[PDB]
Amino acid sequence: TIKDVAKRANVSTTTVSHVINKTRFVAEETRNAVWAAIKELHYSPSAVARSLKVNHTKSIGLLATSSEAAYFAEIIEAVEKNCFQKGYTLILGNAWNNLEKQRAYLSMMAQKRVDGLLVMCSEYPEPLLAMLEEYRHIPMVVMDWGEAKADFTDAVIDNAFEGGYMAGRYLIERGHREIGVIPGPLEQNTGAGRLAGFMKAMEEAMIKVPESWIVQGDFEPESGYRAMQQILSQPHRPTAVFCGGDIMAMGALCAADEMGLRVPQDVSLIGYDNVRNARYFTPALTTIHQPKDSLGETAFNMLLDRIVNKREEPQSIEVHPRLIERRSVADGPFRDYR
């Protein structure tokens, strides 16, 4: 159809191209005519044709775990924002932690020839790790690892451990010694790593966490609900709880209130993520803020660089979690004695 514009304007398609892309000087008169035709014919230059010659789709693929969850959604929206402002197209794909599902999206992606790949798979087993390598040719970066699990990628690291540690400390310095915890899946960084940072602070204080007091969550509110219950549903209960994710926390707040417990009057609660509306939780959730925006932007940028600047060597960039004091924590029994 570019052919059709060239004719209507009586110029070569080469010309047409040049004016459309300002790739070389053209007579105004000529330039005009082209736009003229361009408009009447109602022209929309074909990207795929172009992509075919230039060799780049100017589109990036996001191999995500899921997009509904608050945590994720925010990250994603960050990424999309950046793509748009730098003219890239976002192809979103959720594998739900499913090998097949990943092998598929991964394949489709390579095929649609995405210029780069953003990865957020939560769990990374060897098998997944392998498929990924089969694509070391597509520039890509993973945004959810603790350390650098691999050499053929870029990685932005959250310091989830330093965060877990912050949370514990807070509780400690608040007067708490009987603390419980609902961690996220141990196969994730935000799971394992947050718990570890937490357990360090505990040990550093000679606080021991009774196993009856640590209940696995899955980041989903319901899991928070059940955990909380299980904890305060026992003879001896902690006076403070550290919840691996704000959304699970939201679920833990529900149960307490449902058992007639008072937060924080009866139970102090500290979360992790600092989701967009954790502030409007009841009560306003005190939590650890993960820089989701900076995490998105920072990944998109490494990707660009590798893309444009054709970087070959891996790179990792750390980001930093920080404490947000809201209203779900109260002084503990030992505040005064310190």
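Heads up: residue numbers just count along the shown sequence, starting at 1.
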Item to check | Stretch with the greater mean C-alpha B-factor as recorded in the entry, comparing 157-165 against 240-248 | outcome: 157-165
Item to check | Residue range whose averaged C-alpha B-factor is higher in the record, 319-327 or 20-28 | outcome: 20-28
Checklist entry - When the CA B-factors of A70, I270, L41, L303 are compared as recorded in the entry, which is the largest? => result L41
Item to check | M108, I76, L253, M206, ranked by C-alpha B-factor: the highest one | outcome: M206
Checklist entry - When the modelled residues of the chain are sorted by Cα temperature factor, does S59 land in the lowest, middle or highest third? => result middle
Item to check | Modelled-residue ranking by C-alpha temperature factor, third containing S12 | outcome: lowest
Checklist entry - Comparing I307 with the other modelled residues of its chain, is its CA B-factor in the lowest, middle or highest third? => result highest
Next on the checklist: Considering every modelled residue of the chain and its Cα B-factor in the PDB entry, is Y170 in the lowest, middle or highest third?
Outcome noted: lowest
Item to check | Entry-reported Cα temperature factor of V275, expressed as the chain third it lands in | outcome: lowest
